[PDB]
Structures are given as structure tokens and as C-alpha cells.
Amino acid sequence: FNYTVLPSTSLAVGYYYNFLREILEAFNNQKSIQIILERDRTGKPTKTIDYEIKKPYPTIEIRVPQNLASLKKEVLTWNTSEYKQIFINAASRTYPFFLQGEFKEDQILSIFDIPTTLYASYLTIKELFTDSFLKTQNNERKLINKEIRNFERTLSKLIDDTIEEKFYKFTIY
């Protein structure tokens, strides 16, 4: 190339165009989402509610742990009775988009996701730098945060360029 690219840049492009925008456009068309309540052993939906989405669209909360090395664990630990798995059958893809939602009684409070793609940032660092370098002067932590903040910044830049009103919140925990 001519241009410097950080690893999380292309990950952010993909996350926006192959996930977030697909969910937004599925909202603006179908105005509805599928909530999974009961699932058989093969992890197959059996009891599924239709839930009509509204112009006051629920905010898509992207949550990323600073401990990016723990992300693949944090995606099985936030799976709790308080949350419910939802999915959206968009025309963009041959399989639906799966998300997590917070439900108070009959009301979707929020839709959250932990971006599994951002793990590839951590792995790409672990494979470009020597372990010696990473374990020196807290270098690994500085690289992980640069990659997270680059990810968030690229999403911001992508929403401005597409003249899209924000539809997401980005929180690091």
C-alpha cells in the first residue's frame, strides 16, 4: 500500500457494513425482530416472539473489555437469564443476525453486542510483535488500547461519512 492501516481499521469497516448497517436497514424495512424464548438441545429456536420495532429505535450498545484477551470468554459470561437472544432475518444474508437484548417485562431497554471481530486485533498484535517486546514496559496494553480506540474512531468516521445519525453507543469496561 501507500497508506498506513492499523489492524482494527478494516475490522471496523467490516463490523459497520456487514453487521451494524445491516441491522439498521433491517430495522428501517422489517420494523420487527424475533425473540428466542425456548430452545431445544441442538440450540434450535422452538418458541419465538415477533416484536415490532419503533422509530424510537433501541440503542445498539457496543461493549468492549479493555482486557481484549478475555473477549472470547466475555461473550459466553454475559449470557444470563436477564438478557434474551434476538435475531433479525435480513435480505442481506442467508442466515439471520443474532444479538443480545435487555427486556423489562414486554419492553426492549437496549440491544448490546461484544464485537468478536475486535479480538482479531489482539491476535494480529500477538503475531506481529515478539512476546519479549509485548511484556516490556507495558507495551502490549498500550497497543491493545490504541487498537480499541482506533476501532471506535473508525466507526465514528464511518457514521459521519455516511451522513448517518448515530445509532450506537461505544463503552469500554
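Start at 1 and count along the sequence shown; that's the residue number.
Higher mean CA temperature factor between 53-61 and 108-116: 53-61, per the PDB entry.
When the two stretches 123-131 and 42-50 are set side by side, the higher mean Cα temperature factor goes to 42-50. Highest C-alpha temperature factor among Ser70, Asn29, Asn139, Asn145, as the PDB entry reports it: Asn29. Compared with the other modelled residues of the chain, the Cα B-factor recorded for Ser92 ranks in the middle third. Ranked by Cα temperature factor within the chain, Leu20 sits in the lowest third according to the deposited record. When the CA B factors of the chain's modelled residues are split into thirds, the value for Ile163 lands in the highest one. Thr171: CA B factor lies in the middle third for its chain, per the PDB record.
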